[PDB]
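To keep things clear, I will list the structure first and then write my remarks on it.
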Amino acid sequence: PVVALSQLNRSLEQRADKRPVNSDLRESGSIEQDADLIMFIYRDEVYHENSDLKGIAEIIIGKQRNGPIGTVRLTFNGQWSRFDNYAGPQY
Amino acid sequence: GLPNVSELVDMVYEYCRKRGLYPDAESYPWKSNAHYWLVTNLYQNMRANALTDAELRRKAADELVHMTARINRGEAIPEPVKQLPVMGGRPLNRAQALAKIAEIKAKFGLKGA
Amino acid sequence: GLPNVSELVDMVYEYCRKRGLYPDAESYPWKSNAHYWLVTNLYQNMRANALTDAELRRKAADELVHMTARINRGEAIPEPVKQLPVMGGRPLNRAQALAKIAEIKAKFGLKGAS
């Protein structure tokens, strides 16, 4: 497995909802075309100071080639610079 | 009674935040069918049009007016749309699966397996 | 009582000016929780949408109407979420650190530091 980090265009920060989508990989269509798996990291507290999800990060599977897609919630401990399994209630 | 514009917008935002874990929209604990329809329609409209807060409130008000006009003229709201059962019931152990795999290999005589 | 549109705009501007000395928005000495929510929401909206003065005033009026409607209908305002304590308790000195360094080097030896 090869995990490569990438970056997104600035225009994403102008949308009403800033959770990334595939079209946010602008100038890098070949990345979306060739990648087997695409995961976006979203932290709500970065944009909203009054977020109820402080310390909670979302991994959004924008493209899963051999399975379903959706969001996975994790706990973000920036104090220790770590991600952990989310122990809160799951819907 | 039907919620106002502000309550509808708050419910739509809460659904947008909390739908990342539910298997589907119909699995959300909706208070009533009308609430489900309105919130889902607003969420999809915002997703497909990148509507702002004021535009979302205007769309919520329009949907509320349309729903009130529909209710005043009658009509019965069907129970969501539904999509497939949940299935289940797979009490299979490793030993039986391995025996079945071996039986398949013997029956089909796979040289490479 | 809830401040008017002009007072809310002035409070938002004052919070924008003074937020430089606060580690987080919750550290601001707000008069009430509703004021905190309204001012922070307006600041975030105007920062993320590049609103003008008239648009900011319109948004402030809309937020005031929403707050008044919610207050008239009841509801309860919680106490944000907070984010981590301040910790502390470090009674460590240079000698103990050097002892730790010596112990690690003796245990390993392959540090290769000069």
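Residue numbering restarts at 1 for every chain of the structure tokens, chains are lettered A, B, ... in their displayed order, and ligands are numbered from 1 as they appear.
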Which residues of chain A come within 8 Å of stretch 41-65 of chain C, and for each one, what is the closest pair of atoms and their distance in Å to one decimal, counting only C-alpha atoms, sorted by chain and residue number, as CSV?
residue,atom,partner,partner_atom,distance
A:13,CA,C:48,CA,7.7
A:14,CA,C:48,CA,6.9
A:48,CA,C:44,CA,7.2
Could the residues of chain B that have an atom at most 10 Å from chain C be listed as JSON lines, each with its closest atom pair and the distance in Å to one decimal, counting only C-alpha atoms and ordered by chain and ascending residue number?
{"residue": "B:4", "atom": "CA", "partner": "C:69", "partner_atom": "CA", "distance": 10.0}
{"residue": "B:5", "atom": "CA", "partner": "C:66", "partner_atom": "CA", "distance": 9.6}
{"residue": "B:6", "atom": "CA", "partner": "C:66", "partner_atom": "CA", "distance": 6.7}
{"residue": "B:7", "atom": "CA", "partner": "C:70", "partner_atom": "CA", "distance": 8.8}
{"residue": "B:52", "atom": "CA", "partner": "C:49", "partner_atom": "CA", "distance": 9.6}
{"residue": "B:53", "atom": "CA", "partner": "C:45", "partner_atom": "CA", "distance": 9.5}
{"residue": "B:54", "atom": "CA", "partner": "C:59", "partner_atom": "CA", "distance": 9.0}
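Taking atom CA of residue B:40 and atom CA of residue A:65 as the two end points, the separation is 27.0 Å.
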Open item on the list: Env of residue A:73: 7 Å cut, atoms = only C-alpha atoms, seq-sep filter 5 positions within chain, self excluded. Answer as a VMD selection string.
Closed with: chain A and resid 56 to 59 86
Open item on the list: Residues near residue C:86, anyone? I mean within 12 Å using only C-alpha atoms, not counting same-chain ones fewer than 3 positions away, as a VMD selection string.
Closed with: (chain A and resid 79) or (chain C and resid 23 82 to 83 89)
